[PDB]
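Accompanying notes for the structure given below.
Every number for a ligand or one of its atoms is a count from 1 in the order of the listing. For this chain, numbers begin at 1 and follow the sequence in order.
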Amino acid sequence: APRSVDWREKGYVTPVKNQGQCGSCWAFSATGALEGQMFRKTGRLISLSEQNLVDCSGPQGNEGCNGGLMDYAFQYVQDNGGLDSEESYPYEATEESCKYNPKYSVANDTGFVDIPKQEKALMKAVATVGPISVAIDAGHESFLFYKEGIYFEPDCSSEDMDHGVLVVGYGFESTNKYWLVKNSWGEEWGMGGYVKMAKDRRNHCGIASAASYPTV
Ligand SMILES: *C(=N)c1ncc(F)c(N(CCOc2ccccc2)Cc2ccc3c(c2)OCO3)n1
């Protein structure tokens with residue numbers, strides 16, 4: 001693979017969003033992966049509606065602001081035949097009745113791929129596909145209060161992840177490998193909304209344990 005990758009530089013990544021006090025990280029991880037895949041397919045980068053996922057993907061297993069899985073979101077978009085734009089269906093940070101309107105659908109998917117559970121497979125996916133949805137163990141104050149540099153937490157689990165985020169690239173410090181992760185905690189958290197998660201450190205915080213992307 002290339003020694004570093006940053007899909008932001010190629011136009012695949014919308015600005016950092018803020019999930020607020022709703023357990024909708026999964027929805028933001030899923031929209032970020034589908035935003036990348038639709039951009040690779042069409043050349044247009046269009047922010048997608050997490051609210052549509054929060055309100056409408058119960059049949060596929062999601063639980064609104066109580067949590068959900070990116071793969072259940074990709075399954076909803078396939079079963080539904082579409083997903084509305086953020087502009088048509090803006091975020092409210094509370095689960096509400098489903099308001100999906102196919103007129104304003106700007107994305108679709110035909111399933112999803114679960115990446116083998118190892119960092120070399122993750123690297124190959126990020127280099128060949130685009131941004132990849134992943135889950136991490138974010139359940140340490142060291143994560144909550146992360147500001148900059150490479151995130152390493154000696155108590156991180158590779159098995160017990162609790163937060164969905166988006167890997168948009170990977171690289172190494174010029175001073176030590178990292179994954180470049182877009183969070184959904186707004187731009188004031190971490191490095192403009194991003195975190196450098198340790199890479200090639202025994203699948204630190206389980207970043208390669210639940211990685212996937214949608215097919216389009
Ligand atoms: C995100 N803000 C958030 N908040 C609460 C919460 F319970 C979760 N879950 C998803 C993030 O963690 C993972 C995603 C992918 C893989 C492994 C972990 C956990 C969760 C809660 C509720 C349901 C889930 C998952 O699926 C069935 O319903 N995220």
Side-chain angles (χ1 to χ4, degrees), residues 14 16-37 48-80 86 91-96 98 109 111-119 121-122 125-126 129 131-146 151 153 155-168 179 181-190 193-195 197 202-215:
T14 58
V16 173
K17 295 179 182 184
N18 189 336
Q19 63 187 85
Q21 303 181 300
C22 174
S24 56
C25 58
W26 60 274
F28 287 87
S29 176
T31 57
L34 187 57
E35 284 160 358
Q37 296 308 293
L48 297 176
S49 178
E50 293 81 21
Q51 194 67 39
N52 182 170
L53 293 175
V54 167
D55 296 342
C56 303
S57 63
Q60 289 79 19
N62 289 327
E63 301 186 12
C65 290
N66 289 343
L69 293 184
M70 292 80 80
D71 282 355
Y72 294 171
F74 300 146
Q75 187 64 53
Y76 162 80
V77 176
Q78 182 177 21
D79 288 352
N80 189 56
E86 185 87 85
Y91 184 58
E92 303 288 351
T94 54
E95 178 182 352
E96 300 303 336
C98 184
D109 71 54
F112 53 88
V113 170
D114 287 331
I115 296 160
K117 293 184 191 167
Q118 39 89 352
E119 290 185 276
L122 180 63
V126 171
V129 170
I132 302 297
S133 290
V134 302
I136 55 174
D137 177 0
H140 296 87
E141 288 160 339
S142 45
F143 192 90
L144 181 55
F145 291 98
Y146 164 79
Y151 181 84
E153 169 51 60
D155 193 59
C156 234
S157 186
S158 288
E159 290 77 49
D160 192 349
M161 299 91 65
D162 69 351
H163 186 55
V165 291
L166 184 70
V167 170
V168 302
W179 296 106
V181 173
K182 186 186 195 197
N183 197 7
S184 48
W185 288 359
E187 289 182 358
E188 300 196 354
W189 179 83
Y194 286 78
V195 48
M197 289 292 286
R202 305 178 45 254
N203 187 16
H204 189 60
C205 297
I207 199 157
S209 295
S212 67
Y213 60 92
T215 55

Heavy-atom pairs closer than 4.0 Å: do any link ligand 1 to the side chain of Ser29, the backbone, both, or neither? neither
Ranked by distance from atom 4 (N) of ligand 1, the top protein heavy atom is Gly23 CA, 3.4 Å
Using a 4.0 Å heavy-atom threshold (strictly under), name the region of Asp162 that reaches ligand 1: side chain, backbone, both or neither. backbone
Aromatic contact between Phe143 and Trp189, with the criterion being ring centroids under 6.0 Å apart: yes or no? yes
Consider every N or O of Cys25 and every N or O of ligand 1, then say whether any pair is closer than 3.5 Å. yes
Distance under 4.0 Å to a non-hydrogen atom of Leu69: what atoms of ligand 1 satisfy this? 14 (C), 15 (C), 16 (C), 25 (C), 26 (O)
Does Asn66 have a heavy atom less than 4.0 Å from any atom of ligand 1? yes
What residue and atom, counting heavy atoms only, is the protein's closest point to atom 8 (C) of ligand 1, and at what distance? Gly67 CA, 3.8 Å
Run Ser142 and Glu153 through side-chain hydrogen bond (donor to acceptor under 3.5 Å, both in side chains) and show every step you take. CA-CA 7 Å; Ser142 45; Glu153 169 51 60; 2.6 Å; yes
If we ignore hydrogens and angles and just use 3.5 Å, is the side chain of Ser184 paired with the main-chain N or O of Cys25 as donor and acceptor? no
Could you check whether any side-chain N or O of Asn62 sits under 3.5 Å from a backbone N or O of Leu69, counting only pairs where one atom can act as donor and the other as acceptor? yes
In ligand 1, the atoms that come under 4.0 Å of a heavy atom of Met161 are 18 (C)
Do any nitrogen or oxygen atoms of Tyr72 come within less than 3.5 Å of a nitrogen or oxygen of ligand 1? no
Ligand-residue contact atoms, ligand 1 with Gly61, heavy atoms, under 4.0 Å: 27 (C), 28 (O)
Check each of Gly68, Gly164, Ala135 against atom 10 (C) of ligand 1 and report the one with the nearest heavy atom. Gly68
Between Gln60 and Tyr76, is there a donor-acceptor pair closer than 3.5 Å when you use the side chain of the first and the backbone of the second? no
With no hydrogens and no angle check, is any side-chain donor or acceptor of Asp109 less than 3.5 Å from a backbone partner on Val77? no
Would the distance check show the side chain of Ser29 and the main-chain N or O of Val165 forming a donor-acceptor pair, the cut-off being under 3.5 Å? yes
Show me which atoms of ligand 1 lie under 4.0 Å from any heavy atom of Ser24. 2 (N)
Test your reading of the model: is there a side-chain donor-acceptor pair from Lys17 to the backbone of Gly32, 3.5 Å cut-off? no
Tell me, with the steps shown, if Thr215 and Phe74 meet side chain to side chain contact (heavy atoms under 4.5 Å, CB included). CA-CA 9 Å; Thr215 55; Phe74 300 146; over 6 Å; no
Contact atoms of ligand 1, heavy-atom distance to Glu63 under 4.0 Å: 28 (O)
